[PDB]
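Only one chain is included here, represented as structure tokens and corresponding to the form solved without the named molecule.
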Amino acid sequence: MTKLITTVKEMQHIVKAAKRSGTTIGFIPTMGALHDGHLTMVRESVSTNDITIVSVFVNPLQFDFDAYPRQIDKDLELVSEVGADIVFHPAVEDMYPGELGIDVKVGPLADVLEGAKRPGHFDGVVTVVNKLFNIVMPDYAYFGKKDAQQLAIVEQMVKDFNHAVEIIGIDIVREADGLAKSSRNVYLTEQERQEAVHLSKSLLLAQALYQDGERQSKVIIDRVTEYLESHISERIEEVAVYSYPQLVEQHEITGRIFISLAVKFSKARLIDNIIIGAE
């Protein structure tokens, strides 16, 4: 019983006439080919919002293009089963009628972590997210916390443009024992599998430090690098700590931080991360 809206005009009309009656709106922006990481988002919205809208749009500005998987049929059902009310599914031509006369580029945050690894990739994300927020007009918008760089960029845009939208970040779905779900987990030998549940722990035990005092980069970091090498053999490809939402590295921290792990196993290198604090 979930509607599928294929035009911007219609979507605005619906939402416009819906707000003129105190009904709230939750919004989950996506590119389709939906999985459980998404439903976790739609569920949270449906429990704390009158109507939930899920958009499925493969955005050409963050990419040849028409090869990307498209199953609006299945996406709608997956989403319909969890309560979602509408699936906004506009055509490229409807969202980008012609050439853009105004351009949106993200500054600093676009270089942080891996900047030149895809310059202009985030320019394409904020451009659509910005349009989607003006089309759907949600009260809450839900973004995965896994791509913290994206969440910060998005939060930065809601602030700079003064969007009256509350940005809610949902935690990555994990495996029963704490392991981060990943397509590459399947290439783990039985021993490696359990020998990897330690990433899921060298993290939740690293927030214990922050939790009661510890606030020095080199100390909170090293405390981890030791924990890992202690419980595994595979080389620790990376263990970095950045401030958040600033995402920069600094000898000592002020606000929340972002930790990014990278253990290179046999035939597959896993990654994991989190951000802790509140300010």
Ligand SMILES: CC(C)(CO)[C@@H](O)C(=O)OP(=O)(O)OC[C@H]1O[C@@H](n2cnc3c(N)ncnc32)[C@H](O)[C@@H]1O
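Sequential numbering from 1, following the sequence displayed. Only residues modelled in both forms are compared. We call the rigid core whatever largest set of C-alpha positions still superposes within 1.5 Å between the two forms.
Keep in mind that the form solved in complex with the named molecule is missing from the display, and what follows is about it.
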Per-stretch contact check against the named molecule in the deposited bound form, the hit in 99-107, 139-147, 188-196, 75-83 (non-hydrogen atom, 4.5 angstroms): 139-147
Run the contact test on 35, 59 and 125 with a 4.5 Å heavy atom cut-off to the named molecule in the deposited bound form and return yes or no. yes
Heavy atom of residue 29 within 4.5 Å of the named molecule in the deposited bound form: yes
Look up in the deposited bound form whether residue 42 has a non-hydrogen atom within 4.5 angstroms of the named molecule, and give yes or no. no
Residue 181, heavy atom within 4.5 angstroms of the named molecule in the deposited bound form: yes
Contact label in the deposited bound form: residue 204 to the named molecule, heavy atom within 4.5 Å: no
Though the named molecule is not shown, can you say which of 91, 113, 172, 209 has a heavy atom within 4.5 Å of it in the deposited bound form? 172
Considering only 104, 151, 188, 165, single out the residue whose C-alpha is displaced by at least 2 Å between this form and the one not shown after superposing the rigid core. 188
For residue 234, decide whether the Cα shift between this form and the one not shown is 2 Å or greater, given a superposition on the rigid core. yes
Would you tell me if residue 221 moves between this form and the one not shown by 2 Å or more at its C-alpha, with the rigid core held superposed? yes
Residue 249 C-alpha relocation of at least 2 Å between this form and the one not shown, rigid core basis: yes
Note on residue 237-residue 109 C-alpha separation in the deposited bound form, which departs from the shown form by 3 angstroms or more: closer
Since the C-alpha distance between residue 210 and residue 166 changes by 3 Å or more in the deposited bound form, give its direction relative to the shown form: closer or farther. farther
Send over the list of consecutive residue runs, 3+ long, where the C-alpha shift is 2 angstroms or more at every position between this form and the one not shown on a core fit. 64-68, 112-116, 174-244, 249-279
